[PDB]
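Just so it is clear, the values below take in all heavy atoms, side chains as well, and ignore hydrogens, waters and symmetry mates. Each chain gets a letter, A, B and so on, in the order its sequence line appears, and its residues count up from 1.
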Amino acid sequence: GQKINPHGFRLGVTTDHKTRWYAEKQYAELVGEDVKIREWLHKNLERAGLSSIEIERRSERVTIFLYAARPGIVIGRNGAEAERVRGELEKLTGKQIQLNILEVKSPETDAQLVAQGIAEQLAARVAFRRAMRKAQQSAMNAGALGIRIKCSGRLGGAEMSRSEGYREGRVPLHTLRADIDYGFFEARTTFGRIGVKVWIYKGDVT
Amino acid sequence: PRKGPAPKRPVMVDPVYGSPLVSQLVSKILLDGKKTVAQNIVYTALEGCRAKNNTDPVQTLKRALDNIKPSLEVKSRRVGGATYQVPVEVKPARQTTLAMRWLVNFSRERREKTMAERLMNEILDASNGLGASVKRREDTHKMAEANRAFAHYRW
RNA sequence: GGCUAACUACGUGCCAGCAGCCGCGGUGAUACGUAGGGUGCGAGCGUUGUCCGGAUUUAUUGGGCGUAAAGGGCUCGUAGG
RNA sequence: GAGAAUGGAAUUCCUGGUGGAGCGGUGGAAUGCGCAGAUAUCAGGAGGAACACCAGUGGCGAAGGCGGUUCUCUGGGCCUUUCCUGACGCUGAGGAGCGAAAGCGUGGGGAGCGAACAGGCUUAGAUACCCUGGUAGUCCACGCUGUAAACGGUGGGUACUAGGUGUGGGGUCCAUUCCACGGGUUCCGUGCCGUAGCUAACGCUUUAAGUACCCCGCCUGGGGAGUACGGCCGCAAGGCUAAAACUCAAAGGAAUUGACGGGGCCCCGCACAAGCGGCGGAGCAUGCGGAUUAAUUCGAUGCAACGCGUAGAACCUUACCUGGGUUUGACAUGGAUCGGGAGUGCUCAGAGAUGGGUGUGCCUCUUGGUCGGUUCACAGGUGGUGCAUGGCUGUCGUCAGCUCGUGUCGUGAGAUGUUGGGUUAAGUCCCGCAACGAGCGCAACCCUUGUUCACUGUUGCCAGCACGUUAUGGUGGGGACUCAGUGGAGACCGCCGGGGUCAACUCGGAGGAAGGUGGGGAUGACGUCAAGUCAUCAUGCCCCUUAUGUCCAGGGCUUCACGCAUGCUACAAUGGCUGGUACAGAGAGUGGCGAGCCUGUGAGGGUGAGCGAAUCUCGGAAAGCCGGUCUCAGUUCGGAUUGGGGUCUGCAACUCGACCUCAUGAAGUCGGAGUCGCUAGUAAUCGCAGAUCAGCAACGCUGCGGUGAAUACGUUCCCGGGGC
RNA sequence: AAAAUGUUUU
RNA sequence: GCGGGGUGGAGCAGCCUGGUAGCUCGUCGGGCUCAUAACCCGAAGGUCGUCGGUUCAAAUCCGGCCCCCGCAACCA
Ligand SMILES: CON(C)Cc1ccc(O)c2c1C[C@H]1C[C@H]3[C@H](N(C)C)C(O)=C(C(N)=O)C(=O)[C@@]3(O)C(O)=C1C2=O
Ligand SMILES: [Mg+2]
Ligand SMILES: [Mg+2]
Ligand SMILES: [Mg+2]
Ligand SMILES: [Mg+2]
Ligand SMILES: [Mg+2]
Ligand SMILES: [Mg+2]
Ligand SMILES: [Mg+2]
Ligand SMILES: [Mg+2]
Ligand SMILES: [Mg+2]
Ligand SMILES: [Mg+2]
Ligand SMILES: [Mg+2]
Ligand SMILES: [Mg+2]
Ligand SMILES: [Mg+2]
Ligand SMILES: [Mg+2]
Ligand SMILES: [Mg+2]
Ligand SMILES: [Mg+2]
Ligand SMILES: [Mg+2]
Ligand SMILES: [Mg+2]
Ligand SMILES: [Mg+2]
Ligand SMILES: [Mg+2]
Ligand SMILES: [Mg+2]
Ligand SMILES: [Mg+2]
Ligand SMILES: [Mg+2]
Ligand SMILES: [Mg+2]
Ligand SMILES: [Mg+2]
Ligand SMILES: [Mg+2]
Ligand SMILES: [Mg+2]
Ligand SMILES: [Mg+2]
Ligand SMILES: [Mg+2]
Ligand SMILES: [Mg+2]
Ligand SMILES: [Mg+2]
Ligand SMILES: [Mg+2]
Ligand SMILES: [Mg+2]
Ligand SMILES: [Mg+2]
Ligand SMILES: [Mg+2]
Ligand SMILES: [Mg+2]
Ligand SMILES: [Mg+2]
Ligand SMILES: [Mg+2]
Ligand SMILES: [Mg+2]
Ligand SMILES: [Mg+2]
């Protein structure tokens with residue numbers, strides 16, 4: 001209601017932009033194609049689990065880094081799915097796409113995949129308290145210095161909306177040098193959708 | 001304020017007449033942030049003063065300020081169900097400020113055409129002992145004397 | 001619905017109605033109406049009436065009286081204990 | 001306790017002396033009293049009532065209660081070693097007596113006080129509080145009444161069960177006295193603390209609410225109701241005894257945590273105060289309510305809606321209205337099926353949508369890209385619900401807080417930590433502490449500004465050197481200065497002195513560009529308001545489907561008896577007009593910024609370099625200074641309105657654009673009650689730039705620099721908040 | 001120094 | 001029959017006599033308040049029951065009428 005996005009707050013200070021290109025007469029159209037690419041990838045690769053999509057451009061050539069928990073879905077069988085998604089990318093944009101897919105070393109520590117999993121459990125109708133506790137425990141088993149999860153909505157299929165949250169460790173949202181990874185997802189249930197937000201304090205950075 | 005007495009900005013001296021009084025006068029005229037206009041007015045008034053009398057304009061301004069300086073003035077007090085007018089002695093800085101404010105306001109209220117020698121006329125009249133500024137000083141002193149019975153409420 | 005063994009869908013929309021108490025119905029009704037499913041009983045099953053129990057809620061077994069209901073305004077003194 | 005006499009002060013009244021204008025009373029007043037001499041002051045007198053000091057932390061009484069002194073009469077208590085009687089004790093239904101004050105009866109008395117009452121004030125009213133008067137009553141005698149929060153809300157008697165410590169009464173003992181000071185000890189009171197124990201807790205605890213025994217009174221949910229009926233008592237008021245119908249599902253006890261308080265203590269904020277400038281009046285701009293309309297689309301409604309979504313409504317936007325079209329649809333995705341063009345140029349009809357012409361007409365390949373229909377699936381919705389939601393935001397609030405783990409306390413909610421003392425902008429620290437710790441907030445890390453160093457030197461800069469058309473750092477060149485932008489340094493109460501038990505902090509000083517957080521921004525804890533948004537997006541459910549979809553033209557969102565709100569320009573001389581002349585910053589630019597020249601009164605037009613920009617352009621900064629002029633005039637102020645002639649953008653300026661020019665010259669004389677902003681480069685004012693944008697109703701918004709104040713004693717009051 | 005009040009949502 | 005009364009929304013002044021229609025409350029518009037009441041600041045509001053006459057001029061003077069009151073309506 002009144003809290004800033006941690007990633008935007010720390011943008012330029014500790015964290016970096018997801019897109020790296022320069023253009024001053026096409027800026028809008030490159031932004032539009034980037035939006036198309038990201039929407040297409042998110043809409044067609046939910047199963048893999050997308051941590052981030054990172055876009056680079058050199059000269060009419062686009063490079064897409066896809067940070068995914070399980071790139072097995074993206075690569076398919078012997079790269080067939082990778083080739084088909086690349087081909088759909090040329091079909092969508094019209095430019096030469098070089099697509100590479102990267103792992104996440106600690107999916108239980110990356111907040112975006114944590115929100116992915118919590119929302120998936122909520123959609124599969126798992127008790128939200130149990131799901132949040134499992135995610136929290138897994139994060140601290142991995143070794144994060146602080147977890148904070150908040151699920152808001154018609155939790156448990158109820159009528160009134162709740163804002164149930166869990167946290168322990170330390171999550172200094174106000175500290176800029178604090179490396180805080182923020183993830184968000186929406187569990188699509190038979191009763192609207194639940195917003196799941198996750199903050200994970202990786203540690204302190206210069 | 002609650003915390004304590006806020007610091008006062010030091011008063012500069014007038015380059016021409018070498019007196020902080022004239023600088024305070026121009027800073028009191030000082031409408032709209034036009035320092036140059038205000039001190040053009042003030043210098044014109046002081047030169048008119050030295051024209052109409054041989055004595056020094058800074059000295060005549062000083063004499064006017066002493067003739068307009070109030071010694072005590074009454075303030076509202078909320079004791080009981082009725083308001084009182086408690087007379088309070090006035091410190092030298094406060095009384096110089098009051099004299100300057102009254103001088104400037106009544107100069108602005110004078111009937112003559114231009115502000116410069118409206119202020120000049122008011123200054124000369126005050127130095128002599130006449131004018132609206134001196135009348136207001138006498139009236140405030142008179143009302144303080146009338147309400148002198150509440151000098152024991154001072155804190 | 002809970003006490004109380006056994007739950008969902010459809011219809012209705014503080015209406016129609018339910019209820020022993022708490023309460024339910026105001027558009028997602030496990031509480032109304034129907035259906036499927038279930039549970040308790042079974043030539044019976046429920047409801048009403050009445051009595052005892054739970055009620056130590058008249059306490060002999062087995063309670064209490066400063067503030068929760070409860071020490072007489074105070075003493076003298078008769079029967080009684 | 002009863003009776004009688006009696007003492008002094010004070011009030012009131014009376015008489016006299018003196019003296020003269022008020023007195024009295026309150027928050028402020030008035031009623032009232034007073035020159036017919038009050039109030040005040042002194043003397044003398046009368047009368048009624050209550051007894052300062054002693055006097056409480058105390059004494060006595062069965063309770064109610066009891067305070068001048070003296071005498072008379074009288075009740076009970078306490079102690080004592082001997083003495084006497086020898087269980088004669090305890091309690092006590094019914095009964096009887098006593099029983100504050102108010103009240104009643106007969107008579108007396110009546111100073112003060114004072115229900116009722118009268119008047120004055122306050123008030124919306126004031127049958128009240130407050131003020132001036134004032135009768136019963138208060139007093140006495142004899143009766144009556146018989147009730148009180150008549151309470152220790154605790155019946156009487158008895159025995160037992162740690163202490164500690166005040167105090168009242170009687171003995172007795174001791175040392176020095178041969179008093180008494182003192183200590184003990186014993187018996188009886190009366191308080192406080194406190195163990196065991198008890199209690200729901202609060203608390204009680206040898207004066208039990210503990211452990212026990214004896215007797216009495218009494219309770220059985222809350223109301224109805226201590227009411228009705230009956231009876232008894234009373235002169236009366238009323239008292240005593242004492243139900244039922246009906247009705248509710250609670251009523252209640254103690255305590256916990258919050259919130260609130262016209263509760264306290266301590267604090268803070270432009271919250272007041274001290275100041276400066278406004279708003280509310282006028283004209284216009286803009287938003288909204290209302291009204292109106294075919295439509296005046298929808299959302300926002302105390303602060304925290306109202307120059308807000310709108311960072312741009314002539315068409316478009318557009319969601320609204322009239323009317324004209326369309327139906328797998330304006331747009332998606334997938335199967336089939338007939339295909340080769342799709343898609344378009346020119347024309348015709350039409351307000352346009354659209355429809356009809358005419359030209360042009362796939363690339364692979366024998367089975368794709370692309371489209372067509374017919375369907376089939378399906379799409380579409382700014383339609384509903386922000387009280388089904390996600391997301392995002394306001395807000396209390398930059399407020400100093402909000403919690404957790406473990407321990408501990410309590411039956412429990414819960415508490416402790418987080419209270420206390422000091423300090424701080426701060427739950428910031430310090431000291432002590434049944435707490436020991438941690439977390440989110442505070443702070444810091446980030447951006448910007450203030451000083452400085454190194455590095456680099458163009459498109460920036462020009463100190464020393466060489467020319468330049470006269471001229472322009474224009475030129476070669478230069479790392480000095482400025483600046484640009486990367487990386488460092490710098491501030492930490494770090495140093496010195498005082499205060500501070502110390503300790504945190506605090507005061508002063510030096511150094512320094514900067515000193516005690518240096519200025520500003522970003523950052524908004526747990527949560528609150530079912531706060532806003534289904535209309536940015538997303539979405540549960542519901543609703544529309546030849547229409548609530550969708551296309552188009554025109555209209556509307558711009559209405560106008562009105563009301564509010566935010567602004568702008570003013571009301572003039574610190575000003576208007578006019579000529580000259582200085583000094584910025586931050587920004588924008590290729591359908592763009594446009595110089596220069598020519599043309600026009602001007603908006604502009606015509607040509608048109610340069611610049612994707614530290615280069616070129618926007619560009620002029622304005623206020624200011626200087627010269628002239630106007631001379632207090634509803635004006636040479638003000639620039640609304642209205643008439644004429646235009647320019648530009650755009651398919652198109654009627655509704656409904658900006659601008660130019662000519663003429664016109666409205667209200668307005670500083671604005672009622674009320675109200676707003678601001679503590680320093682701030683307020684006040686002055687111009688400039690950008691977003692959106694063809695153009696612009698922009699005076700809005702977000703920034704930028706120029707000029708540049710007054711004041712803050714202080715926390716009493718108003719508003720908001722913080723700790724206990 | 002006096003200074004009142006706060007219907008019925010679902 | 002005698003005498004009085006009829007004036008904004010209400011209740012009341014203006015009547016010897018002609019010329020200027022007032023106070024209180026209420027209505028309406030704005031403040032104060034979270035909101036209402038109260039209070040604060042501004043505004044509208046009756047051509048005087050009706051007909052006619054007097055007069056330069058009528059709420060005012062005179063008459064008729066309508067309405068509301070009061071009084072009287074008596075002696076056998
Ligand atoms: C009416 O339906 N029933 C009766 C209840 C109701 C039901 C559903 C709703 O969704 C809302 C409401 C009440 C309204 C009241 C609104 C009002 N406001 C519009 C001025 C207001 O007075 C405040 C406020 N000052 O705080 C609010 O709270 C408010 O805005 C709000 O949230 C509301 C709702 O939306
Ligand atoms: Mg069961
Ligand atoms: Mg249903
Ligand atoms: Mg029984
Ligand atoms: Mg029973
Ligand atoms: Mg019991
Ligand atoms: Mg007992
Ligand atoms: Mg009781
Ligand atoms: Mg008793
Ligand atoms: Mg009795
Ligand atoms: Mg006996
Ligand atoms: Mg007697
Ligand atoms: Mg005393
Ligand atoms: Mg005592
Ligand atoms: Mg014997
Ligand atoms: Mg009796
Ligand atoms: Mg009596
Ligand atoms: Mg009597
Ligand atoms: Mg009598
Ligand atoms: Mg009285
Ligand atoms: Mg008593
Ligand atoms: Mg009792
Ligand atoms: Mg007894
Ligand atoms: Mg006993
Ligand atoms: Mg004792
Ligand atoms: Mg007890
Ligand atoms: Mg009775
Ligand atoms: Mg209580
Ligand atoms: Mg002020
Ligand atoms: Mg105005
Ligand atoms: Mg509207
Ligand atoms: Mg809507
Ligand atoms: Mg809401
Ligand atoms: Mg709404
Ligand atoms: Mg901070
Ligand atoms: Mg709401
Ligand atoms: Mg919708
Ligand atoms: Mg509009
Ligand atoms: Mg550019
Ligand atoms: Mg400040
Ligand atoms: Mg007769």
So, B/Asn128 side chain and B/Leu130 main chain: donor-acceptor pair closer than 3.5 Å or not?
->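 Checked: no pair found.
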Regarding [X], tell me which of base, sugar-phosphate or nothing describes its non-hydrogen contacts under 4.0 Å with the strands shown.
X	value
B/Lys75	nothing
A/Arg162	nothing
A/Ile4	sugar-phosphate
B/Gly80	sugar-phosphate
B/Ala6	base
A/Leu176	base
A/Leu173	sugar-phosphate
A/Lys197	sugar-phosphate
A/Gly169	sugar-phosphate
A/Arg170	sugar-phosphate
A/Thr14	nothing
A/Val171	sugar-phosphate
B/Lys35	sugar-phosphate
A/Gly153	sugar-phosphate

Please report the closest heavy-atom contact between [X] and [Y], naming both atoms and the distance.
X	Y	result
A/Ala68	A/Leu50	CB-CD2, 4.4 Å
A/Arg148	A/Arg167	CG-CB, 3.7 Å
B/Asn121	B/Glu112	ND2-CG, 4.5 Å

What pucker does [N] have, north or south, from the sign of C1'-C2'-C3'-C4'?
N	answer
D/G410	north
F/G30	north
D/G681	south
D/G56	south
D/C433	north

Base pairing of [M] with [N] (Watson-Crick or G-U, both distances under 3.5 Å):
N	M	value
D/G287	D/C699	no
D/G221	D/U161	no
D/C568	D/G283	yes
D/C396	D/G527	yes
C/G40	D/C235	no
D/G414	D/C409	yes

Tell me if [N] is syn or anti. Syn = glycosidic torsion within 90° of 0, anti otherwise.
N	value
C/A55	syn
D/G329	syn
D/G511	anti
D/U366	syn
D/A633	syn

Would one find a side-chain N or O of A/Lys3 under 4.0 angstrom from OP1 or OP2 of D/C526?
->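 Result: yes.
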Phosphate oxygens OP1/OP2 of D/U574: is one of them under 4.0 Å from a side-chain N or O of B/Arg108?
->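 For D/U574, neither OP1 nor OP2 has a side-chain N or O of B/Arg108 closer than 4.0 Å.
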Beyond-backbone contact of B/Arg77 with B/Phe150, side-chain heavy atoms, under 4.5 angstrom =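 Result no, sub-4.5 Å side-chain heavy-atom pair not found.
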With rounding to whole Å, what would you report as the distance between D/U122 and D/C51 at their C1' atoms?
->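 About 40 Å, rounded to a whole number of Å.
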G-U wobble or Watson-Crick pairing nucleotide for [N] (cut-off 3.5 Å, both distances):
N	value
D/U12	D/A46
F/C71	F/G1
D/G585	none

Parallel, tilted or perpendicular: ring planes of B/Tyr17 versus B/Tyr43, cut at 30 and 60 degrees =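 Answer is parallel, since the angle falls under 30°.
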Considering only heavy atoms and no angle criterion, is a donor-acceptor pair shorter than 3.5 Å present between the side chain of [X] and the base of [N]?
X	N	result
A/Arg188	D/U539	no
A/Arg193	D/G540	no
A/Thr175	D/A444	yes
B/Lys34	D/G624	no
B/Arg9	D/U711	yes
A/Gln2	D/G527	yes
A/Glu186	D/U539	no

Identify all pairs in which a protein N or O lies below 3.5 Å from an N or O of nucleotides 308-311 of chain D, and state each distance.
none

Would you check if there is a donor-acceptor pair between the side chains of A/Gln112 and A/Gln116 at a distance under 3.5 Å?
->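 Their side chains do not contain a donor-acceptor pair, so the 3.5 Å distance test is not met.
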Taking A/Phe128 as the fixed residue, which of A/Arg133, A/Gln121, A/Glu164 is the one that meets the side-chain contact (heavy atoms from CB on, under 4.5 Å) rule?
->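 Of all the options given, the one that passes is A/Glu164.
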